[PDB]
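One chain comes next, on its own, written out as structure tokens in the form solved without the named molecule.
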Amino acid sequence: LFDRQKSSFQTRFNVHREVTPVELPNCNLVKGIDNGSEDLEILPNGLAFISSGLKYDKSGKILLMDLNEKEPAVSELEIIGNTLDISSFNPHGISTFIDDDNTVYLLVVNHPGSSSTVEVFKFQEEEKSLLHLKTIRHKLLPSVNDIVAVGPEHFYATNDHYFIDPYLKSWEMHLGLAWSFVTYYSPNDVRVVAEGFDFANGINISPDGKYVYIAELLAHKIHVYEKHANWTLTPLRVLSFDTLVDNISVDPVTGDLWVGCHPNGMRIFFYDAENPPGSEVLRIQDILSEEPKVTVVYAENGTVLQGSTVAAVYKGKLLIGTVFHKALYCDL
């Protein structure tokens, strides 16, 4: 006789939340993005990569925007290589890593069918193209959501579920088992570095490499860890929010986290065109201090932008992307 399941479900999914709008000046929908912009990452030179076309006649693709232009226009990056099947390319989280000779690597979570891999590409800037280097999969990478690169083929990955089969995983989620987990992957060594998560989702790292941040979507929490020289993670603190936190970006200059969120779990998980999900963007400053300063920078009911997952800032501008629909480019 335990209504505990119903009340635990109602809080994880935030079932009655209604967005308090927070407005920005000069918001423009990005021309050419209509099939999602689930993750994005901006380089220090202002080039932004965006994954798009995620599925749970328009393919998965990676898009490029040059945010130094006054009206940035998106372009599709061509994938070259014969080691990747691009017909099933279905991109999700992404990360970059810039090596010492200045080579830019792009890592992309890919879901061909219901499996996960991480695809490593080298960015060829002049040609506007991604050279495929390699496809990574692993038994400890069953259901990958996002990664943060710490080398050309080294990364921490979140897995949003423990199970791969879609029936199993959807039950796994509804029951609140919280068996999802985080994996450190390298050529030499692959191991679980944290576990027990209710829907681990965004992940990122501080600019000095000392701290890893992990979003726990359905617990509405961001976990902060100290990252050791040997890649171990030790819990340092946990932030709680009243919203479902999706992808984390890090401002390289200050270290602030910028977070894409879903106010209402029902509207994002149980989709319908008559009642679309809204959007919400959080800024988090001084995440190690006694009180982190948390600010809603943008929030709206979804009549302009539906289902924000990610946001990042570049030179006074905010770029926001979503799981399945548009993207928004605003003044701060």
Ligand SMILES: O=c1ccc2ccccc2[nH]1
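The first residue of the shown sequence is 1; numbering continues from there.
*Asks:* Which class describes the count of deposited residues lacking coordinates between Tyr56 and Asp57: none, 1 to 3, 4 to 9, or 10 or more?
*Replies:* In the record, 4 to 9 residues between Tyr56 and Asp57 lack coordinates.
*Asks:* Taking the entry's C-alpha B-factors for this chain, is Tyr167 in the lowest, middle or highest third?
*Replies:* For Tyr167, the deposited C-alpha B-factor lands in the highest third.
*Asks:* Considering every modelled residue of the chain and its Cα B-factor in the PDB entry, is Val323 in the lowest, middle or highest third?
*Replies:* Middle third - that is where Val323 ends up once the chain's C-alpha B-factors are sorted.
*Asks:* Place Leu29 in the lowest, middle or highest third of its chain's C-alpha B-factors, as listed in the PDB entry.
*Replies:* For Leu29, the deposited C-alpha B-factor lands in the lowest third.
*Asks:* Rank-wise, by C-alpha B-factor, drop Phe13 into the lowest, middle or highest third of its chain.
*Replies:* Middle third, going by the recorded CA B-factors of the chain.
*Asks:* Could you tell me which third, lowest, middle or highest, the C-alpha B-factor of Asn82 occupies within its chain?
*Replies:* Ranked within chain, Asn82 CA B lands in the lowest tercile.
What comes next is about the form solved in complex with the named molecule, which does not appear here.
*Asks:* Let me test this: is every residue among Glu41, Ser95 and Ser249 within 4.5 Å of the named molecule in the entry with it bound, going by heavy atom positions?
*Replies:* No: none of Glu41, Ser95 and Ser249 comes within 4.5 Å of the named molecule in the entry with it bound.
*Asks:* By the heavy atom within 4.5 Å rule, which residue out of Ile50, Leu305, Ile268, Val281 makes contact with the named molecule in the entry with it bound?
*Replies:* Of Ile50, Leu305, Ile268, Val281, the residue with a heavy atom within 4.5 Å of the named molecule in the entry with it bound is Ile268.
*Asks:* Among 62 to 70, 25 to 33, 260 to 268, 291 to 299, which stretch sits within 4.5 Å of the named molecule in the entry with it bound, heavy atoms only?
*Replies:* It is 260 to 268 that comes within 4.5 Å of the partner.
*Asks:* Using heavy atoms and a 4.5 Å limit, would one call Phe155 a contact residue for the named molecule in the entry with it bound?
*Replies:* No - in the entry with it bound, heavy atoms of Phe155 and the named molecule never come within 4.5 Å of each other.
*Asks:* So in the entry with it bound, does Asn201 come within 4.5 Å of the named molecule, heavy atom to heavy atom?
*Replies:* Yes, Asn201 lies within 4.5 Å of the named molecule in the entry with it bound.
*Asks:* Is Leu217 close enough to the named molecule in the entry with it bound to count, meaning some heavy atom within 4.5 Å?
*Replies:* Output for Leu217 is yes: heavy atoms within 4.5 Å of the named molecule.
*Asks:* If we define contact as a non-hydrogen atom of the residue within 4.5 angstroms of the partner, is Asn145 a contact of the named molecule in the entry with it bound?
*Replies:* Yes.
*Asks:* What residues in 166 to 181 sit within 4.5 Å of the named molecule in the entry with it bound, counting heavy atoms only?
*Replies:* Going through 166 to 181 in order - heavy atoms within 4.5 Å of the named molecule in the entry with it bound - there are no hits.
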